[PDB]
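The structure appears below as structure tokens.
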Amino acid sequence: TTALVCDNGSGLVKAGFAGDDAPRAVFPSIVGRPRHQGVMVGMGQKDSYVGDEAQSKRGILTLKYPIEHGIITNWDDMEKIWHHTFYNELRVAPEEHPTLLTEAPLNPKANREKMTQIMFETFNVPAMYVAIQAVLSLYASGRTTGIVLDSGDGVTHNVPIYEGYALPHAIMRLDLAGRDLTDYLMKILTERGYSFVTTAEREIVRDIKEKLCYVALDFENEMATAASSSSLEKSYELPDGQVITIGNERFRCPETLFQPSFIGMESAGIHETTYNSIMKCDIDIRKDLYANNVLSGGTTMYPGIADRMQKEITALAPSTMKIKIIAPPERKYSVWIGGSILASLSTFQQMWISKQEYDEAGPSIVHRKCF
Amino acid sequence: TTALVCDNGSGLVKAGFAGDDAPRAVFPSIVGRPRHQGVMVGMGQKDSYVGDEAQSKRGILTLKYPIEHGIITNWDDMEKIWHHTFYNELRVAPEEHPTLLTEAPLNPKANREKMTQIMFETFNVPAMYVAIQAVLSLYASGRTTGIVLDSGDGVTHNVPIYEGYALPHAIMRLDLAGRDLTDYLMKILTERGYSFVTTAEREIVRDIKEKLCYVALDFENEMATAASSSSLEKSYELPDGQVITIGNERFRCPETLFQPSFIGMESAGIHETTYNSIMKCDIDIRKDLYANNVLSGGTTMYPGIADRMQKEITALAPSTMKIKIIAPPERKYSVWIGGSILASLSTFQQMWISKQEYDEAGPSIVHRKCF
Amino acid sequence: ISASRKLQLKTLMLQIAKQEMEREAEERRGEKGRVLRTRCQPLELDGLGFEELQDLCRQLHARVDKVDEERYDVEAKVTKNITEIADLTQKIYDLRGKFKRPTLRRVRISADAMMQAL
Amino acid sequence: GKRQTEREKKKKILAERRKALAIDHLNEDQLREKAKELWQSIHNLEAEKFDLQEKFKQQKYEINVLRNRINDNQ
Amino acid sequence: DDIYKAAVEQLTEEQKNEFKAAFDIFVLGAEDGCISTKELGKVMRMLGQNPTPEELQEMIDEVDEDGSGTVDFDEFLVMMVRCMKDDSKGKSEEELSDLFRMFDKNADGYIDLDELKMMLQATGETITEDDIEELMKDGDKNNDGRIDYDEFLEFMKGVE
Ligand SMILES: Nc1ncnc2c1ncn2[C@@H]1O[C@H](COP(=O)(O)OP(=O)(O)O)[C@@H](O)[C@H]1O
Ligand SMILES: Nc1ncnc2c1ncn2[C@@H]1O[C@H](COP(=O)(O)OP(=O)(O)O)[C@@H](O)[C@H]1O
Ligand SMILES: [Mg+2]
Ligand SMILES: [Mg+2]
């Protein structure tokens with residue numbers, strides 16, 4: 001039979017059968033209970049709208065993501081999300097399909113063990129396998145080397161790989177991602193008068209960020225230009241009218257990636273954690289990693305980031321090496337495409353964690369040889 | 001049929017069919033298992049890369065030479081190296097070809113006996129013969145007398161020969177060679193800030209030594225000059241950029257040959273062990289040995305050694321004798337060229353150790369008349 | 001340099017190549033047919049005691065077994081060449097699959113067409 | 001690669017292929033028929049083995065072109 | 001080559017529906033008499049999905065190469081093959097390997113230039129600017145004159 005390549009993510013759940021080009025169903029991972037009282041009788045009001053249904057009734061819900069930073073903080077809601085994904089968005093019972101979840105690097109063990117225990121006890125799948133979210137993104141590019149920066153919505157991690165041999169001592173995981181950029185944008189919008197507070201209006205700020213923000217090639221020059229002319233002010237129409245005008249908030253929101261001091265984080269930007277991740281590698285594979293830097297994940301879709309990052313790394317790196325940044329147009333679904341490719345391989349067909357194996361060793365089987 | 005003139009050496013395996021000018025395949029003798037974990041599936045990752053393949057993937061391997069000082073310390077790896085040499089670099093099955101290995105003087109017997117046992121049992125050659133590495137280097141020069149200093153990469157030995165009669169009581173074998181010079185260079189580079197530690201970076205230090213180091217004609221004058229001017233500082237580009245500048249480390253690394261007290265060895269330099277080897281000979285053949293001093297081996301390729309050695313010996317020797325140092329441009333492959341010449345001789349064709357002879361007397365046949 | 005001329009030239013030469021491939025195949029067919037014909041060693045089957053018959057067929061059996069043994073050894077040798085070919089194929093597919101490894105997949109099914117149902 | 005084992009497999013096949021024939025368990029003409037059967041079977045075996053040598057030659061082609069490519073990559 | 005087999009396999013289910021529907025939608029007649037003998041472009045327009053242009057160009061040129069200028073039932077099948085993916089898709093790479101093996105039946109370690117010389121001589125195609133240029137360019141893909149296996153390997157591939 002065919003395998004189910006699910007990809008929990010944090011912000012958008014992407015799923016679909018193995019062997020295709022794009023995920024079959026992509027929908028936000030939010031579960032929102034209603035918060036008001038409700039007076040109409042017999043309206044058929046449910047107790048929790050999940051997935052894309054709660055992005056249409058969000059006016060009277062309190063949306064809450066079940067995955068904070070890679071890790072899962074609310075297991076009941078995550079179980080509900082998985083149940084919805086299997087039964088309503090794909091309509092395939094899990095009793096007859098292997099599953100291939102994905103997990104960020106350096107995550108707590110208990111999260112992974114609980115994930116496999118749920119998949120084997122509640123949904124009762126035949127066999128499931130958990131894979132690191134960066135190796136798949138490297139599969140999708142058709143490479144076999146390279147250092148991949150997978151800046152998702154929950155957590156940004158940077159896994160270097162050479163000739164198929166991952167370097168476990170050079171993984172640099174940073175917890176700044178799309179959600180913190182949304183919060184920072186929502187916080188700097190208040191400097192013009194627009195106040196978004198409700199958890200429903202966070203979605204509106206996210207839409208503003210997606211449609212308007214861009215990464216500046218040079219930050220100081222853009223700050224000077226936006227403060228003199230008015231060629232940058234782009235307007236946007238809220239879900240009820242009252243258009244708003246975003247000035248130099250456009251390139252200040254995604255600039256937080258390269259200067260995490262804006263949101264008070266100490267660490268260095270995504271332009272310098274990649275160079276540090278390279279320098280921890282051996283001295284003889286640094287040229288190949290320099291030449292095959294891969295971008296993935298949703299948050300790396302800002303217009304103009306593949307040039308800013310290349311300029312920064314070229315500034316840091318030695319002058320002789322060639323710096324090349326691979327930015328495929330299908331960046332958002334790169335991890336899932338790689339997952340489909342991996343699940344479609346014949347050599348991989350014996351790596352699944354078969355159910356009888358789980359029955360013999362318990363949920364701690366995932367840390368064992370079947371990784 | 002044709003004979004296979006293999007030459008194990010220590011650092012570079014040189015092989016080729018008898019009767020040519022240069023070895024057919026020359027490649028480092030290193031076997032390196034991978035050391036990291038490896039995450040890509042189906043990449044076709046082998047368990048041990050040998051020969052010149054492991055000098056390209058050395059970034060994720062742990063290279064380890066199977067021959068320490070002439071002697072062989074790891075028989076499985078040496079067998080692997082031989083198998084590679086026969087099947088992939090020459091592509092001739094050994095079942096149909098005699099072999100002519102080479103061995104340093106004064107080596108342990110068990111090494112030679114195990115070598116012949118392997119060649120007769122595993123590879124199953126028709127007949128093999130083991131020859132001393134210095135007599136061949138004397139063949140290649142077209143002489144019949146002379147004292148040859150064969151400073152390889154493992155061990156430096158100095159065999160005097162007159163009129164074809166070797167003098168077994170005058171062989172002076174010293175264990176300082178190219179590898180110790182590489183280690184000493186790697187140890188003195190730390191005085192400028194460059195630290196090479198990994199077994200892969202030993203190859204980079206070896207390349208630095210080959211391309212930059214030279215032997216000073218007079219040591220104190222060079223030490224004084226390099227400490228005042230800056231006309232010696234030559235720069236070199238690492239495999240990733242960050243050029244380095246070598247100062248008076250240039251002629252201090254190969255100076256260890258003439259003053260083995262630098263690396264803590266007690267013995268006298270290669271300039272004085274040759275004179276001692278001559279003085280042990282009879283009083284009537286010392287003039288001929290003085291006039292026909294032969295250099296061979298890789299490590300004698302330093303620019304300016306054929307003058308320093310001549311100056312030193314002229315200082316030691318009596319003033320009347322003429323001191324001449326034969327330094328052919330084909331020094332590195334001198335032993336193998338001599339091996340080809342010896343294997344191509346008709347008079348030598350009945351000295352091979354035929355397999356039936358080995359079956360009758362066991363591996364101890366090599367010490368017998370068939371030397 | 002015209003694209004049309006290049007297309008004509010490659011088409012004609014590729015068809016010439018295909019025809020020569022078929023010619024090579026049929027020439028090999030004739031080679032093998034003649035080879036089997038000349039392999040046959042006819043025997044004087046008549047006028048022999050039936051014990052001689054059994055003995056002769058046993059000699060045929062021995063030669064047959066030895067022939068199949070030679071074929072076995074050469075099959076093993078070509079099998080080892082096959083393994084080496086697999087290794088070299090792995091080498092080239094490594095060097096190029098670093099960029100084109102997942103090219104094996106199933107695409108273009110339902111997302112591209114079924115779009116307005118939702 | 002451990003020729004005792006491979007030769008052992010060969011001997012197992014041959015002794016297996018040692019389809020030894022009995023005395024009063026075959027007819028004289030039937031014995032002729034079996035002889036021709038072996039004749040033709042081995043003829044087909046020879047054709048297959050000749051094609052095998054051809055494909056082995058093609059394998060050597062690929063070996064040389066592949067290693068030459070490898071050298072060009074250096 | 002694969003052209004006639006692709007025409008034969010056009011007798012199928014998806015392409016049958018495609019051809020029938022295309023005729024019913026935008027092959028009807030009742031025009032002003034302009035003679036849409038070149039309705040090939042009209043069908044390309046009305047397809048709603050244009051395939052790779054090589055199908056279109058080979059159909060435009062090779063069909064009615066005698067100047068028939070007319071599309072028959074069989075030519076309807078040809079156009080519909082041009083619509084769907086009835087292509088041979090680069091033929092068999094096994095055929096490419098076998099061809100290159102026949103080329104190096106001399107075993108030059110690669111298809112020698114004189115292989116191409118004799119093959120063009122057999123094909124008899126006039127030595128144009130494209131001729132010799134293609135051969136040298138493929139052999140000197142390194143631009144160093146050394147013909148290697150992958151050079152002609154990629155040169156011959158992608159074609160049917
Ligand atoms: N076109 C876009 N431009 C800018 N940001 C985007 C765009 N699309 C998505 N994002 C950001 O990326 C996030 C989605 O990232 P995604 O890759 O789905 O995370 P995950 O790894 O959990 O799947 C969204 O929250 C959004 O903030
Ligand atoms: N051009 C060169 N200049 C200086 N040193 C060299 C040069 N070539 C080789 N060497 C040294 O000689 C060694 C090779 O010696 P070689 O003669 O191959 O040893 P063996 O006797 O084992 O074959 C290398 O390790 C290197 O350190
Ligand atoms: Mg992700
Ligand atoms: Mg030597």
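Going by the structure tokens order, chains are called A, B, ..., each with residues numbered from 1, while ligands are numbered from 1 in the order shown.
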Taking the DSSP assignment computed from this structure's backbone, write out as a VMD selection string all residues of segment 234-367 of chain A that belong to alpha helix (DSSP H). chain A and resid 249 to 252 270 to 279 286 to 291 305 to 316 334 to 343 355 to 361
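Using only C-alpha atoms, we find that the part of chain B lying within 6 Å of chain A comprises residues 37, 38, 39, 40, 59, 240 and 241 of chain B.
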6 Å from ligand 2 is the threshold here; counting only C-alpha atoms and all ligand atoms, which polymer residues fall inside it? Answer as a PDB file with N, CA and C atoms, in the first residue's frame.
ATOM      1  N   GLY B   9      56.358   0.220   0.189  1.00  0.00           N
ATOM      2  CA  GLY B   9      56.693   1.520   0.695  1.00  0.00           C
ATOM      3  C   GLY B   9      55.923   1.809   1.972  1.00  0.00           C
ATOM      4  N   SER B  10      55.983   3.074   2.379  1.00  0.00           N
ATOM      5  CA  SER B  10      55.213   3.515   3.539  1.00  0.00           C
ATOM      6  C   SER B  10      54.832   4.976   3.296  1.00  0.00           C
ATOM      7  N   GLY B  11      53.642   5.186   2.758  1.00  0.00           N
ATOM      8  CA  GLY B  11      53.225   6.529   2.429  1.00  0.00           C
ATOM      9  C   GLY B  11      52.722   6.644   1.008  1.00  0.00           C
ATOM     10  N   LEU B  12      53.350   5.929   0.083  1.00  0.00           N
ATOM     11  CA  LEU B  12      52.899   5.867  -1.301  1.00  0.00           C
ATOM     12  C   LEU B  12      53.183   4.477  -1.835  1.00  0.00           C
ATOM     13  N   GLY B 152      63.360   7.139   2.749  1.00  0.00           N
ATOM     14  CA  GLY B 152      61.959   7.051   2.390  1.00  0.00           C
ATOM     15  C   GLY B 152      61.087   7.914   3.279  1.00  0.00           C
ATOM     16  N   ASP B 153      59.838   7.476   3.436  1.00  0.00           N
ATOM     17  CA  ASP B 153      58.916   8.140   4.344  1.00  0.00           C
ATOM     18  C   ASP B 153      58.789   7.403   5.665  1.00  0.00           C
ATOM     19  N   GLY B 154      59.086   6.116   5.687  1.00  0.00           N
ATOM     20  CA  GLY B 154      59.038   5.387   6.929  1.00  0.00           C
ATOM     21  C   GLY B 154      60.371   5.344   7.638  1.00  0.00           C
ATOM     22  N   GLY B 178      60.351  10.841   6.540  1.00  0.00           N
ATOM     23  CA  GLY B 178      59.424  11.902   6.197  1.00  0.00           C
ATOM     24  C   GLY B 178      58.292  12.073   7.186  1.00  0.00           C
ATOM     25  N   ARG B 206      51.506  17.843   5.433  1.00  0.00           N
ATOM     26  CA  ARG B 206      52.409  17.191   4.494  1.00  0.00           C
ATOM     27  C   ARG B 206      52.508  17.974   3.201  1.00  0.00           C
ATOM     28  N   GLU B 210      55.883  19.573   1.537  1.00  0.00           N
ATOM     29  CA  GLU B 210      56.346  19.279   0.188  1.00  0.00           C
ATOM     30  C   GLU B 210      56.529  20.549  -0.628  1.00  0.00           C
ATOM     31  N   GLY B 297      64.921   7.716  -2.679  1.00  0.00           N
ATOM     32  CA  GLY B 297      63.798   7.900  -1.790  1.00  0.00           C
ATOM     33  C   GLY B 297      63.167   9.273  -1.907  1.00  0.00           C
ATOM     34  N   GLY B 298      61.927   9.359  -1.441  1.00  0.00           N
ATOM     35  CA  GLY B 298      61.183  10.597  -1.586  1.00  0.00           C
ATOM     36  C   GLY B 298      61.788  11.746  -0.803  1.00  0.00           C
ATOM     37  N   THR B 299      62.134  11.512   0.462  1.00  0.00           N
ATOM     38  CA  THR B 299      62.491  12.614   1.344  1.00  0.00           C
ATOM     39  C   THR B 299      63.767  13.322   0.919  1.00  0.00           C
ATOM     40  N   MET B 301      64.200  14.782  -1.777  1.00  0.00           N
ATOM     41  CA  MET B 301      63.803  15.684  -2.842  1.00  0.00           C
ATOM     42  C   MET B 301      63.762  17.134  -2.401  1.00  0.00           C
ATOM     43  N   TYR B 302      64.208  17.434  -1.193  1.00  0.00           N
ATOM     44  CA  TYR B 302      64.180  18.808  -0.722  1.00  0.00           C
ATOM     45  C   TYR B 302      65.113  19.659  -1.572  1.00  0.00           C
ATOM     46  N   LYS B 332      62.271   9.928  -6.769  1.00  0.00           N
ATOM     47  CA  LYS B 332      61.161   9.338  -6.030  1.00  0.00           C
ATOM     48  C   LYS B 332      60.902   7.909  -6.467  1.00  0.00           C
TER      49      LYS B 332
END
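Omitting residue 4 of chain C and its sequence neighbours fewer than 4 positions away, and counting only C-alpha atoms, the residues within 12 Å are residues 8, 9, 10 and 11 of chain C; 54, 57, 58, 61, 62, 128, 129 and 130 of chain E.
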Could you write out that same residue set with N, CA and C atoms as a short mmCIF file (atom, residue, chain, number, x, y, z; two decimals), in the first residue's frame?
data_model
loop_
_atom_site.label_atom_id
_atom_site.label_comp_id
_atom_site.auth_asym_id
_atom_site.auth_seq_id
_atom_site.Cartn_x
_atom_site.Cartn_y
_atom_site.Cartn_z
N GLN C 8 17.35 17.89 -37.91
CA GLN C 8 17.44 16.97 -39.04
C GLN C 8 18.66 16.07 -38.91
N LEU C 9 19.82 16.67 -38.62
CA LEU C 9 21.06 15.91 -38.56
C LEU C 9 21.02 14.85 -37.47
N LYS C 10 20.61 15.24 -36.25
CA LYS C 10 20.56 14.28 -35.16
C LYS C 10 19.53 13.20 -35.43
N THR C 11 18.39 13.58 -36.01
CA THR C 11 17.37 12.58 -36.32
C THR C 11 17.90 11.55 -37.31
N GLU E 54 8.01 20.90 -28.17
CA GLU E 54 8.63 20.02 -29.15
C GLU E 54 7.57 19.20 -29.88
N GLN E 57 6.03 21.54 -32.46
CA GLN E 57 6.86 21.88 -33.60
C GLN E 57 7.07 20.68 -34.52
N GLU E 58 7.28 19.49 -33.95
CA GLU E 58 7.40 18.29 -34.77
C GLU E 58 6.11 18.02 -35.53
N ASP E 61 5.86 20.72 -38.41
CA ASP E 61 6.78 20.52 -39.52
C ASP E 61 6.57 19.18 -40.20
N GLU E 62 6.69 18.09 -39.44
CA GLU E 62 6.78 16.77 -40.05
C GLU E 62 5.46 16.32 -40.65
N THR E 128 26.85 20.83 -42.77
CA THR E 128 26.47 22.23 -42.67
C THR E 128 27.30 22.91 -41.58
N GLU E 129 26.90 24.12 -41.21
CA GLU E 129 27.47 24.76 -40.03
C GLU E 129 27.18 23.94 -38.79
N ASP E 130 25.98 23.34 -38.72
CA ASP E 130 25.67 22.45 -37.61
C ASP E 130 26.57 21.23 -37.60
#
Check: Please, which residues of chain D lie no more than 12 Å from chain E when the count uses only C-alpha atoms, and can they be set out as a PyMOL selection string?
Finding: chain D and resi 54-73
Selection to disk with C-alpha atoms, as an mmCIF file, in the first residue's frame:
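This went into again-v1.cif:
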data_model
loop_
_atom_site.group_PDB
_atom_site.id
_atom_site.type_symbol
_atom_site.label_atom_id
_atom_site.label_comp_id
_atom_site.auth_asym_id
_atom_site.auth_seq_id
_atom_site.Cartn_x
_atom_site.Cartn_y
_atom_site.Cartn_z
ATOM 1 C CA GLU D 54 29.330 -10.078 -24.845
ATOM 2 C CA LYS D 55 27.621 -8.366 -21.925
ATOM 3 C CA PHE D 56 30.781 -8.804 -19.854
ATOM 4 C CA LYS D 57 32.661 -7.015 -22.626
ATOM 5 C CA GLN D 58 30.075 -4.242 -22.406
ATOM 6 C CA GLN D 59 30.653 -4.225 -18.646
ATOM 7 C CA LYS D 60 34.357 -3.714 -19.292
ATOM 8 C CA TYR D 61 33.389 -0.896 -21.655
ATOM 9 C CA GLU D 62 31.470 0.742 -18.841
ATOM 10 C CA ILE D 63 34.349 0.131 -16.445
ATOM 11 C CA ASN D 64 36.908 1.890 -18.611
ATOM 12 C CA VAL D 65 34.618 4.769 -19.560
ATOM 13 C CA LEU D 66 33.586 5.156 -15.919
ATOM 14 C CA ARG D 67 37.104 5.222 -14.509
ATOM 15 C CA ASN D 68 38.176 7.618 -17.259
ATOM 16 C CA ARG D 69 35.279 9.865 -16.259
ATOM 17 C CA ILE D 70 36.409 9.563 -12.640
ATOM 18 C CA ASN D 71 39.917 10.670 -13.549
ATOM 19 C CA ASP D 72 38.491 13.581 -15.532
ATOM 20 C CA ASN D 73 36.568 14.595 -12.408
#
Open item on the list: At a cut-off of 6 Å, which residues of chain C touch chain D? Count only C-alpha atoms and give the answer as JSON, numbers by chain.
Closed with: {"C": [32, 36, 57, 78]}
### chain D contacts on chain B, only C-alpha atoms, 12 Å, as a list in words
residues 52, 53, 55, 56, 83, 88, 89, 90, 91, 121, 122, 123 and 124 of chain B
Would you kindly report the residues of chain B within 10 Å of chain C, using only C-alpha atoms, as a PDB file with C-alpha atoms, in the first residue's frame?
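The file below, result-v6.pdb, is the result:
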ATOM      1  CA  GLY B  42      20.840   4.516  -0.014  1.00  0.00           C
ATOM      2  CA  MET B  43      23.779   6.824  -0.653  1.00  0.00           C
ATOM      3  CA  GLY B  44      25.950   3.757  -1.203  1.00  0.00           C
ATOM      4  CA  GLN B  45      28.320   4.453   1.670  1.00  0.00           C
ATOM      5  CA  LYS B  46      31.121   1.918   1.973  1.00  0.00           C
ATOM      6  CA  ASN B  88      41.302  -1.710  -9.232  1.00  0.00           C
TER       7      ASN B  88
END
* Using only C-alpha atoms, determine which residues lie at most 12 Å from residue 366 of chain A, disregarding the query and same-chain residues fewer than 4 positions distant; provide the list as an MDAnalysis selection string. => chainID A and resid 109:117 127:131 351:355 357:358 361:362 370:371
Write a file of the selected residues as a PDB file, in the first residue's frame, keeping C-alpha atoms.
ATOM      1  CA  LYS A 109      12.675  12.765  24.051  1.00  0.00           C
ATOM      2  CA  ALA A 110       9.313  12.560  25.801  1.00  0.00           C
ATOM      3  CA  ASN A 111       7.702  14.427  22.914  1.00  0.00           C
ATOM      4  CA  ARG A 112       8.878  11.856  20.372  1.00  0.00           C
ATOM      5  CA  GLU A 113       8.009   8.877  22.567  1.00  0.00           C
ATOM      6  CA  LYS A 114       4.509  10.207  23.245  1.00  0.00           C
ATOM      7  CA  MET A 115       4.072  10.829  19.525  1.00  0.00           C
ATOM      8  CA  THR A 116       4.896   7.226  18.664  1.00  0.00           C
ATOM      9  CA  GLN A 117       2.762   5.903  21.519  1.00  0.00           C
ATOM     10  CA  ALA A 127       4.211   1.245  11.186  1.00  0.00           C
ATOM     11  CA  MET A 128       5.523   4.776  11.728  1.00  0.00           C
ATOM     12  CA  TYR A 129       8.914   6.437  11.354  1.00  0.00           C
ATOM     13  CA  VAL A 130      10.179   9.791  12.629  1.00  0.00           C
ATOM     14  CA  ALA A 131      12.653  11.794  10.563  1.00  0.00           C
ATOM     15  CA  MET A 351      13.442   0.976   8.255  1.00  0.00           C
ATOM     16  CA  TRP A 352       9.855   1.423   9.474  1.00  0.00           C
ATOM     17  CA  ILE A 353       9.135   0.710  13.132  1.00  0.00           C
ATOM     18  CA  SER A 354       6.890  -2.327  12.770  1.00  0.00           C
ATOM     19  CA  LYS A 355       4.152  -2.720  15.348  1.00  0.00           C
ATOM     20  CA  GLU A 357       8.732  -4.347  17.440  1.00  0.00           C
ATOM     21  CA  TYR A 358       6.945  -1.668  19.454  1.00  0.00           C
ATOM     22  CA  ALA A 361      10.295  -2.907  23.485  1.00  0.00           C
ATOM     23  CA  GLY A 362       7.726  -0.234  24.319  1.00  0.00           C
ATOM     24  CA  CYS A 370      15.172   2.333  14.188  1.00  0.00           C
ATOM     25  CA  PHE A 371      15.848   6.026  14.708  1.00  0.00           C
TER      26      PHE A 371
END
Expressed in Å, the length from atom CA of residue 37 of chain D to atom CA of residue 33 of chain C is 17.2 Å
Can you pull out the residues contacting segment 143-145 of chain E? Cut-off 12 Å, using only C-alpha atoms, and skip same-chain residues under 3 positions away; I want them as an MDAnalysis selection string. (chainID D and resid 72) or (chainID E and resid 112:113 133 135:140 148 151)
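Across the model, the gap from atom CA of residue 309 of chain B to atom CA of residue 274 of chain B is 9.7 Å.
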Residues of chain E within 7 Å of chain C: nearest atom pair and distance (Å, one decimal) for each, counting only C-alpha atoms, sorted by chain and number, as JSON lines?
{"residue": "E:99", "atom": "CA", "partner": "C:21", "partner_atom": "CA", "distance": 6.5}
{"residue": "E:119", "atom": "CA", "partner": "C:13", "partner_atom": "CA", "distance": 6.6}
{"residue": "E:120", "atom": "CA", "partner": "C:13", "partner_atom": "CA", "distance": 6.3}
{"residue": "E:123", "atom": "CA", "partner": "C:13", "partner_atom": "CA", "distance": 5.6}
{"residue": "E:125", "atom": "CA", "partner": "C:9", "partner_atom": "CA", "distance": 6.4}
{"residue": "E:129", "atom": "CA", "partner": "C:1", "partner_atom": "CA", "distance": 5.3}
{"residue": "E:130", "atom": "CA", "partner": "C:1", "partner_atom": "CA", "distance": 4.5}
The selected residues should be written to file as a PDB file, in the first residue's frame (atoms: C-alpha atoms).
ATOM      1  CA  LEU E  99      24.586   2.329 -29.393  1.00  0.00           C
ATOM      2  CA  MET E 119      28.119   7.662 -38.831  1.00  0.00           C
ATOM      3  CA  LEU E 120      27.526  10.996 -40.562  1.00  0.00           C
ATOM      4  CA  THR E 123      23.691   9.036 -42.808  1.00  0.00           C
ATOM      5  CA  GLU E 125      23.615  14.403 -44.214  1.00  0.00           C
ATOM      6  CA  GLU E 129      27.473  24.758 -40.033  1.00  0.00           C
ATOM      7  CA  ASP E 130      25.667  22.451 -37.613  1.00  0.00           C
TER       8      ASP E 130
END
(request) For residue 335 of chain A, please output as a PyMOL selection string all residues within 7 Å (counting only C-alpha atoms; exclusion window: fewer than 3 positions along the same chain). (result) chain A and resi 133+136-137+338-339
With N, CA and C atoms retained, export the selected residues as a PDB file, in the first residue's frame.
ATOM      1  N   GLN A 133      13.680  17.080  10.328  1.00  0.00           N
ATOM      2  CA  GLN A 133      13.072  17.926   9.311  1.00  0.00           C
ATOM      3  C   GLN A 133      14.068  18.492   8.318  1.00  0.00           C
ATOM      4  N   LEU A 136      15.140  15.775   5.161  1.00  0.00           N
ATOM      5  CA  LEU A 136      14.160  15.748   4.087  1.00  0.00           C
ATOM      6  C   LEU A 136      14.329  16.937   3.151  1.00  0.00           C
ATOM      7  N   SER A 137      14.514  18.129   3.716  1.00  0.00           N
ATOM      8  CA  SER A 137      14.699  19.300   2.876  1.00  0.00           C
ATOM      9  C   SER A 137      15.951  19.168   2.034  1.00  0.00           C
ATOM     10  N   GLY A 338      10.564  16.284   0.168  1.00  0.00           N
ATOM     11  CA  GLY A 338      11.618  15.366   0.568  1.00  0.00           C
ATOM     12  C   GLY A 338      11.075  14.170   1.320  1.00  0.00           C
ATOM     13  N   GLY A 339      10.070  14.389   2.160  1.00  0.00           N
ATOM     14  CA  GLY A 339       9.470  13.272   2.870  1.00  0.00           C
ATOM     15  C   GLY A 339       8.823  12.282   1.928  1.00  0.00           C
TER      16      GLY A 339
END
Practice problem: Show which residues sit within 8 Å of residue 109 of chain C, as a list in words. Count only C-alpha atoms, and ignore same-chain residues fewer than 3 positions away. | Solution: residues 20 of chain A; 112 and 113 of chain C
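Straight-line separation from atom CA of residue 359 of chain A to atom CA of residue 120 of chain A: 9.4 Å.
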